[PDB]
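Quick look at entry_2.pdb (PDB, C-alpha atoms):
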```pdb
ATOM      1  CA  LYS A   3       0.000   0.000   0.000  1.00  0.00           C
ATOM      2  CA  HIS A   4       3.129   2.157   0.025  1.00  0.00           C
ATOM      3  CA  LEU A   5       4.720   3.982  -2.888  1.00  0.00           C
ATOM      4  CA  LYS A   6       7.078   1.871  -4.984  1.00  0.00           C
ATOM      5  CA  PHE A   7      10.777   2.456  -5.694  1.00  0.00           C
ATOM      6  CA  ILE A   8      11.480   4.337  -2.464  1.00  0.00           C
ATOM      7  CA  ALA A   9      12.211   1.575   0.050  1.00  0.00           C
ATOM      8  CA  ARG A  10      15.299  -0.604  -0.465  1.00  0.00           C
ATOM      9  CA  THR A  11      16.077   1.210  -3.723  1.00  0.00           C
ATOM     10  CA  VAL A  12      19.637   2.068  -4.770  1.00  0.00           C
ATOM     11  CA  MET A  13      20.446   4.107  -7.869  1.00  0.00           C
ATOM     12  CA  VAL A  14      23.287   2.751  -9.999  1.00  0.00           C
ATOM     13  CA  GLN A  15      26.232   5.130 -10.418  1.00  0.00           C
ATOM     14  CA  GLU A  16      27.669   5.249 -13.954  1.00  0.00           C
ATOM     15  CA  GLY A  17      26.526   1.688 -14.635  1.00  0.00           C
ATOM     16  CA  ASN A  18      28.445  -0.136 -11.877  1.00  0.00           C
ATOM     17  CA  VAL A  19      25.480  -2.444 -11.351  1.00  0.00           C
ATOM     18  CA  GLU A  20      27.618  -4.878  -9.357  1.00  0.00           C
ATOM     19  CA  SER A  21      28.664  -2.104  -6.971  1.00  0.00           C
ATOM     20  CA  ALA A  22      25.065  -0.929  -6.573  1.00  0.00           C
ATOM     21  CA  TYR A  23      23.933  -4.480  -5.805  1.00  0.00           C
ATOM     22  CA  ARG A  24      26.691  -4.886  -3.214  1.00  0.00           C
ATOM     23  CA  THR A  25      25.703  -1.559  -1.644  1.00  0.00           C
ATOM     24  CA  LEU A  26      22.049  -2.616  -1.440  1.00  0.00           C
ATOM     25  CA  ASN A  27      23.041  -5.965   0.068  1.00  0.00           C
ATOM     26  CA  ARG A  28      25.196  -4.178   2.651  1.00  0.00           C
ATOM     27  CA  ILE A  29      22.273  -1.883   3.489  1.00  0.00           C
ATOM     28  CA  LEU A  30      19.963  -4.865   3.974  1.00  0.00           C
ATOM     29  CA  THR A  31      22.549  -6.624   6.147  1.00  0.00           C
ATOM     30  CA  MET A  32      23.117  -3.532   8.299  1.00  0.00           C
ATOM     31  CA  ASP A  33      19.371  -3.042   8.763  1.00  0.00           C
ATOM     32  CA  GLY A  34      18.980  -6.719   9.696  1.00  0.00           C
ATOM     33  CA  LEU A  35      16.498  -7.499   6.920  1.00  0.00           C
ATOM     34  CA  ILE A  36      18.569 -10.440   5.657  1.00  0.00           C
ATOM     35  CA  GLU A  37      18.635 -11.939   9.157  1.00  0.00           C
ATOM     36  CA  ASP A  38      14.849 -11.683   9.427  1.00  0.00           C
ATOM     37  CA  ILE A  39      14.288 -13.088   5.929  1.00  0.00           C
ATOM     38  CA  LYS A  40      16.448 -16.138   6.566  1.00  0.00           C
ATOM     39  CA  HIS A  41      15.245 -16.738  10.136  1.00  0.00           C
ATOM     40  CA  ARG A  42      11.586 -16.560   9.072  1.00  0.00           C
ATOM     41  CA  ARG A  43      12.026 -19.451   6.628  1.00  0.00           C
ATOM     42  CA  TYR A  44      11.388 -21.839   9.531  1.00  0.00           C
ATOM     43  CA  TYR A  45       9.612 -21.146  12.808  1.00  0.00           C
ATOM     44  CA  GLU A  46      12.026 -20.687  15.706  1.00  0.00           C
ATOM     45  CA  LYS A  47      10.261 -21.761  18.884  1.00  0.00           C
ATOM     46  CA  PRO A  48      10.054 -19.027  21.550  1.00  0.00           C
ATOM     47  CA  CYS A  49      12.288 -20.884  24.013  1.00  0.00           C
ATOM     48  CA  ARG A  50      14.918 -21.374  21.307  1.00  0.00           C
ATOM     49  CA  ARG A  51      14.622 -17.715  20.305  1.00  0.00           C
ATOM     50  CA  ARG A  52      15.075 -16.578  23.911  1.00  0.00           C
ATOM     51  CA  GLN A  53      18.096 -18.846  24.366  1.00  0.00           C
ATOM     52  CA  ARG A  54      19.634 -17.558  21.131  1.00  0.00           C
ATOM     53  CA  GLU A  55      19.030 -13.922  22.087  1.00  0.00           C
ATOM     54  CA  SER A  56      20.537 -14.425  25.548  1.00  0.00           C
ATOM     55  CA  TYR A  57      23.558 -16.169  24.025  1.00  0.00           C
ATOM     56  CA  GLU A  58      23.982 -13.357  21.493  1.00  0.00           C
ATOM     57  CA  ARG A  59      23.819 -10.702  24.217  1.00  0.00           C
ATOM     58  CA  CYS A  60      26.354 -12.587  26.341  1.00  0.00           C
ATOM     59  CA  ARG A  61      28.674 -13.088  23.363  1.00  0.00           C
ATOM     60  CA  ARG A  62      28.474  -9.418  22.370  1.00  0.00           C
ATOM     61  CA  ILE A  63      29.193  -8.280  25.933  1.00  0.00           C
ATOM     62  CA  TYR A  64      32.105 -10.712  26.262  1.00  0.00           C
ATOM     63  CA  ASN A  65      33.559  -9.685  22.895  1.00  0.00           C
ATOM     64  CA  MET A  66      33.308  -5.996  23.791  1.00  0.00           C
ATOM     65  CA  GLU A  67      34.979  -6.611  27.157  1.00  0.00           C
ATOM     66  CA  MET A  68      37.765  -8.670  25.570  1.00  0.00           C
ATOM     67  CA  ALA A  69      38.349  -6.028  22.891  1.00  0.00           C
ATOM     68  CA  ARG A  70      38.476  -3.274  25.515  1.00  0.00           C
ATOM     69  CA  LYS A  71      40.930  -5.300  27.610  1.00  0.00           C
ATOM     70  CA  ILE A  72      43.159  -5.964  24.592  1.00  0.00           C
ATOM     71  CA  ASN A  73      43.097  -2.292  23.590  1.00  0.00           C
ATOM     72  CA  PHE A  74      43.911  -1.193  27.144  1.00  0.00           C
ATOM     73  CA  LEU A  75      46.818  -3.641  27.444  1.00  0.00           C
ATOM     74  CA  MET A  76      48.144  -2.866  23.946  1.00  0.00           C
ATOM     75  CA  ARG A  77      49.939   0.182  25.376  1.00  0.00           C
ATOM     76  CA  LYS A  78      52.267  -2.133  27.317  1.00  0.00           C
ATOM     77  CA  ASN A  79      53.334  -3.829  24.059  1.00  0.00           C
ATOM     78  CA  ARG A  80      56.063  -1.247  23.364  1.00  0.00           C
ATOM     79  CA  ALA A  81      59.740  -2.148  23.159  1.00  0.00           C
ATOM     80  CA  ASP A  82      61.424  -3.101  26.414  1.00  0.00           C
ATOM     81  CA  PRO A  83      63.054   0.012  27.942  1.00  0.00           C
ATOM     82  CA  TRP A  84      64.929  -1.914  30.663  1.00  0.00           C
ATOM     83  CA  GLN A  85      66.648  -4.550  28.530  1.00  0.00           C
ATOM     84  CA  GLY A  86      69.079  -6.508  30.676  1.00  0.00           C
ATOM     85  CA  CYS A  87      67.226  -5.668  33.901  1.00  0.00           C
TER      86      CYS A  87
ATOM     87  CA  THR B  70      86.811 -25.456  52.539  1.00  0.00           C
ATOM     88  CA  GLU B  71      89.903 -23.371  51.805  1.00  0.00           C
ATOM     89  CA  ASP B  72      91.829 -25.300  54.474  1.00  0.00           C
ATOM     90  CA  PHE B  73      91.453 -28.542  52.509  1.00  0.00           C
ATOM     91  CA  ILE B  74      92.574 -26.804  49.308  1.00  0.00           C
ATOM     92  CA  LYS B  75      95.625 -25.338  51.060  1.00  0.00           C
ATOM     93  CA  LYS B  76      96.504 -28.755  52.489  1.00  0.00           C
ATOM     94  CA  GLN B  77      96.231 -30.226  48.991  1.00  0.00           C
ATOM     95  CA  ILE B  78      98.469 -27.442  47.649  1.00  0.00           C
ATOM     96  CA  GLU B  79     101.131 -28.184  50.264  1.00  0.00           C
ATOM     97  CA  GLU B  80     100.872 -31.910  49.521  1.00  0.00           C
ATOM     98  CA  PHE B  81     101.257 -31.209  45.799  1.00  0.00           C
ATOM     99  CA  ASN B  82     104.344 -29.078  46.444  1.00  0.00           C
ATOM    100  CA  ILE B  83     105.927 -31.825  48.559  1.00  0.00           C
ATOM    101  CA  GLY B  84     105.095 -34.446  45.934  1.00  0.00           C
ATOM    102  CA  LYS B  85     106.502 -32.213  43.200  1.00  0.00           C
ATOM    103  CA  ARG B  86     109.765 -31.966  45.131  1.00  0.00           C
ATOM    104  CA  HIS B  87     109.857 -35.759  45.491  1.00  0.00           C
ATOM    105  CA  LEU B  88     109.137 -36.203  41.774  1.00  0.00           C
ATOM    106  CA  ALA B  89     111.936 -33.793  40.869  1.00  0.00           C
ATOM    107  CA  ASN B  90     114.262 -35.748  43.163  1.00  0.00           C
ATOM    108  CA  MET B  91     113.243 -39.062  41.590  1.00  0.00           C
ATOM    109  CA  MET B  92     113.738 -37.815  38.030  1.00  0.00           C
ATOM    110  CA  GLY B  93     116.991 -36.063  38.948  1.00  0.00           C
ATOM    111  CA  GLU B  94     115.613 -32.729  37.743  1.00  0.00           C
ATOM    112  CA  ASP B  95     116.201 -29.389  39.423  1.00  0.00           C
ATOM    113  CA  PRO B  96     113.427 -28.915  42.027  1.00  0.00           C
ATOM    114  CA  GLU B  97     113.286 -25.193  41.185  1.00  0.00           C
ATOM    115  CA  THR B  98     112.754 -25.379  37.405  1.00  0.00           C
ATOM    116  CA  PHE B  99     110.582 -28.523  37.687  1.00  0.00           C
ATOM    117  CA  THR B 100     107.518 -27.167  35.902  1.00  0.00           C
ATOM    118  CA  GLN B 101     104.091 -28.633  35.154  1.00  0.00           C
ATOM    119  CA  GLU B 102     105.185 -30.029  31.782  1.00  0.00           C
ATOM    120  CA  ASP B 103     108.074 -31.810  33.498  1.00  0.00           C
ATOM    121  CA  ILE B 104     105.602 -33.165  36.064  1.00  0.00           C
ATOM    122  CA  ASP B 105     103.334 -34.505  33.320  1.00  0.00           C
ATOM    123  CA  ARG B 106     106.210 -36.091  31.394  1.00  0.00           C
ATOM    124  CA  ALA B 107     107.593 -37.712  34.550  1.00  0.00           C
ATOM    125  CA  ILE B 108     104.174 -39.069  35.526  1.00  0.00           C
ATOM    126  CA  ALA B 109     103.560 -40.414  32.017  1.00  0.00           C
ATOM    127  CA  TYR B 110     106.935 -42.169  32.035  1.00  0.00           C
ATOM    128  CA  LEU B 111     106.646 -43.561  35.567  1.00  0.00           C
ATOM    129  CA  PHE B 112     102.996 -44.676  35.202  1.00  0.00           C
ATOM    130  CA  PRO B 113     102.556 -45.541  31.515  1.00  0.00           C
ATOM    131  CA  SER B 114      98.820 -45.867  30.863  1.00  0.00           C
ATOM    132  CA  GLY B 115      97.468 -46.357  27.358  1.00  0.00           C
ATOM    133  CA  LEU B 116      93.838 -45.618  28.149  1.00  0.00           C
ATOM    134  CA  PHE B 117      92.488 -43.663  25.192  1.00  0.00           C
ATOM    135  CA  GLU B 118      90.463 -41.250  27.334  1.00  0.00           C
ATOM    136  CA  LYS B 119      93.202 -38.873  28.478  1.00  0.00           C
ATOM    137  CA  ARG B 120      91.122 -37.821  31.497  1.00  0.00           C
ATOM    138  CA  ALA B 121      91.443 -41.377  32.864  1.00  0.00           C
ATOM    139  CA  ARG B 122      95.251 -41.430  32.732  1.00  0.00           C
ATOM    140  CA  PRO B 123      97.305 -40.745  35.877  1.00  0.00           C
ATOM    141  CA  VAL B 124      97.755 -37.046  36.556  1.00  0.00           C
ATOM    142  CA  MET B 125      99.489 -34.915  39.182  1.00  0.00           C
ATOM    143  CA  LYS B 126      98.167 -31.353  39.183  1.00  0.00           C
ATOM    144  CA  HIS B 127      97.575 -28.373  41.458  1.00  0.00           C
ATOM    145  CA  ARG B 136      84.865 -25.012  42.451  1.00  0.00           C
ATOM    146  CA  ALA B 137      84.990 -22.773  45.533  1.00  0.00           C
ATOM    147  CA  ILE B 138      82.661 -21.714  48.362  1.00  0.00           C
ATOM    148  CA  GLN B 139      80.926 -18.339  48.247  1.00  0.00           C
ATOM    149  CA  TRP B 140      80.841 -17.426  51.947  1.00  0.00           C
ATOM    150  CA  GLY B 141      83.272 -17.148  54.833  1.00  0.00           C
ATOM    151  CA  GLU B 142      83.269 -18.647  58.303  1.00  0.00           C
ATOM    152  CA  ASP B 143      80.806 -16.017  59.567  1.00  0.00           C
ATOM    153  CA  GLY B 144      78.253 -17.046  56.928  1.00  0.00           C
ATOM    154  CA  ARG B 145      78.301 -13.719  55.079  1.00  0.00           C
ATOM    155  CA  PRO B 146      78.565 -14.303  51.308  1.00  0.00           C
ATOM    156  CA  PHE B 147      81.297 -12.478  49.429  1.00  0.00           C
ATOM    157  CA  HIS B 148      79.227 -11.441  46.393  1.00  0.00           C
ATOM    158  CA  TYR B 149      76.354  -8.990  46.813  1.00  0.00           C
ATOM    159  CA  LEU B 150      74.332 -10.932  44.202  1.00  0.00           C
ATOM    160  CA  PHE B 151      74.868 -14.324  45.848  1.00  0.00           C
ATOM    161  CA  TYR B 152      71.225 -14.884  46.787  1.00  0.00           C
ATOM    162  CA  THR B 153      70.230 -14.773  43.116  1.00  0.00           C
ATOM    163  CA  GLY B 154      71.845 -18.212  42.858  1.00  0.00           C
ATOM    164  CA  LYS B 155      73.586 -17.165  39.614  1.00  0.00           C
ATOM    165  CA  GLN B 156      75.817 -14.434  40.999  1.00  0.00           C
ATOM    166  CA  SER B 157      78.382 -14.607  38.184  1.00  0.00           C
ATOM    167  CA  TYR B 158      75.851 -14.329  35.349  1.00  0.00           C
ATOM    168  CA  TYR B 159      73.856 -11.566  37.014  1.00  0.00           C
ATOM    169  CA  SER B 160      77.004  -9.643  37.954  1.00  0.00           C
ATOM    170  CA  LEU B 161      78.077  -9.820  34.308  1.00  0.00           C
ATOM    171  CA  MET B 162      74.632  -8.618  33.217  1.00  0.00           C
ATOM    172  CA  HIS B 163      74.785  -5.789  35.769  1.00  0.00           C
ATOM    173  CA  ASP B 164      78.181  -4.654  34.473  1.00  0.00           C
ATOM    174  CA  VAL B 165      77.009  -4.810  30.849  1.00  0.00           C
ATOM    175  CA  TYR B 166      73.877  -2.818  31.702  1.00  0.00           C
ATOM    176  CA  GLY B 167      76.003  -0.232  33.497  1.00  0.00           C
ATOM    177  CA  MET B 168      78.249   0.092  30.454  1.00  0.00           C
ATOM    178  CA  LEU B 169      75.169   0.517  28.255  1.00  0.00           C
ATOM    179  CA  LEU B 170      73.867   3.229  30.589  1.00  0.00           C
ATOM    180  CA  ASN B 171      77.222   5.013  30.412  1.00  0.00           C
ATOM    181  CA  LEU B 172      77.260   4.825  26.608  1.00  0.00           C
ATOM    182  CA  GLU B 173      73.690   6.128  26.379  1.00  0.00           C
ATOM    183  CA  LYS B 174      74.412   8.981  28.801  1.00  0.00           C
ATOM    184  CA  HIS B 175      77.580   9.962  26.929  1.00  0.00           C
ATOM    185  CA  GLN B 176      75.719   9.963  23.599  1.00  0.00           C
ATOM    186  CA  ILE B 195      84.594 -10.703   9.788  1.00  0.00           C
ATOM    187  CA  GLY B 196      85.966 -13.864  11.370  1.00  0.00           C
ATOM    188  CA  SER B 197      84.684 -13.532  14.935  1.00  0.00           C
ATOM    189  CA  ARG B 198      81.525 -14.935  16.502  1.00  0.00           C
TER     190      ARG B 198
END
```
Mind turning this structure into structure tokens?
Amino acid sequence: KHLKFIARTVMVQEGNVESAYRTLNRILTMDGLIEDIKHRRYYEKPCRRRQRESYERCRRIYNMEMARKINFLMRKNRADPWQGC
Amino acid sequence: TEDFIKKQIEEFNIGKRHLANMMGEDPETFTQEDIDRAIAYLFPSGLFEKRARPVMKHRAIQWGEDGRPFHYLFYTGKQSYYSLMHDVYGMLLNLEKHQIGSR
């Protein structure tokens, strides 16, 4: 019931149709539409969905914490200033 | 201890004098090479491993009778290596402050 050729529409730039398609695919991936399309092929039971969401939240939090720890400790990775001691 | 080593040194000197007497050599100029030649002649052993042949020749302890160690890095357990490293590091500090057939 909406107007056509406004949503999920990418204009090709100088005929690089491959590049335009890759840009549209990246947009869909970033907006999560691909995830929804593929996960709605089969019904995920609510308990399974809750378990998956909890696991994803835990994994994201753990990855962020590990990345922050690595970035914080990267400063120590300089050359040894007290070589021989 | 050092007392045992000193006793061994005195015993070696006395035995060297006896060996020089036996070989007829001058006890003064009776050097280590003369000692080795005399021992090889008097006790001819053909054992291939030269360490097993008869030999007449001249590790230590790192603290005195009071128990105080001589080296300030003794308690490291590797006082020689760490003293060498300390000296090298000091030389490197001095160089930094101031500024083939060998393997």
How many Å separate CA of residue 41 (chain A) from CA of residue 24 (chain A)?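 Separation of CA of residue 41 (chain A) and CA of residue 24 (chain A): 21.2 Å.
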Using all atoms listed in the file, determine which residues of chain A fall within 9 Å of chain B; present them as a PyMOL selection string. chain A and resi 85-87
Take the residues just selected and output them with C-alpha atoms as an mmCIF file, keeping the file's coordinate frame.
```
data_model
loop_
_atom_site.group_PDB
_atom_site.id
_atom_site.type_symbol
_atom_site.label_atom_id
_atom_site.label_comp_id
_atom_site.auth_asym_id
_atom_site.auth_seq_id
_atom_site.Cartn_x
_atom_site.Cartn_y
_atom_site.Cartn_z
ATOM 1 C CA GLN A 85 66.648 -4.550 28.530
ATOM 2 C CA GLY A 86 69.079 -6.508 30.676
ATOM 3 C CA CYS A 87 67.226 -5.668 33.901
#
```
Kindly provide the residues of region 106-172 of chain B that approach region 73-78 of chain B to within 12 Å, each paired with its closest atom pair and their distance in Å to one decimal, based on all atoms listed in the file, listed by chain and increasing number, as JSON lines.
```
{"residue": "B:125", "atom": "CA", "partner": "B:78", "partner_atom": "CA", "distance": 11.3}
{"residue": "B:126", "atom": "CA", "partner": "B:78", "partner_atom": "CA", "distance": 9.3}
{"residue": "B:127", "atom": "CA", "partner": "B:78", "partner_atom": "CA", "distance": 6.3}
{"residue": "B:136", "atom": "CA", "partner": "B:74", "partner_atom": "CA", "distance": 10.5}
{"residue": "B:137", "atom": "CA", "partner": "B:74", "partner_atom": "CA", "distance": 9.4}
{"residue": "B:138", "atom": "CA", "partner": "B:74", "partner_atom": "CA", "distance": 11.2}
```
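One distance worth recording is that between CA of residue 71 (chain A) and CA of residue 84 (chain A), which is 24.4 Å.
Evaluated against the shown file, the PyMOL selection byres ((chain B and resi 106) around 12) gives residues 88, 89, 92, 94, 99, 100, 101, 102, 103, 104, 105, 107, 108, 109, 110, 111, 112, 113, 123, 124 and 125 of chain B.
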Gap from CA of residue 12 (chain A) to CA of residue 30 (chain A) - Å, one decimal: 11.2 Å
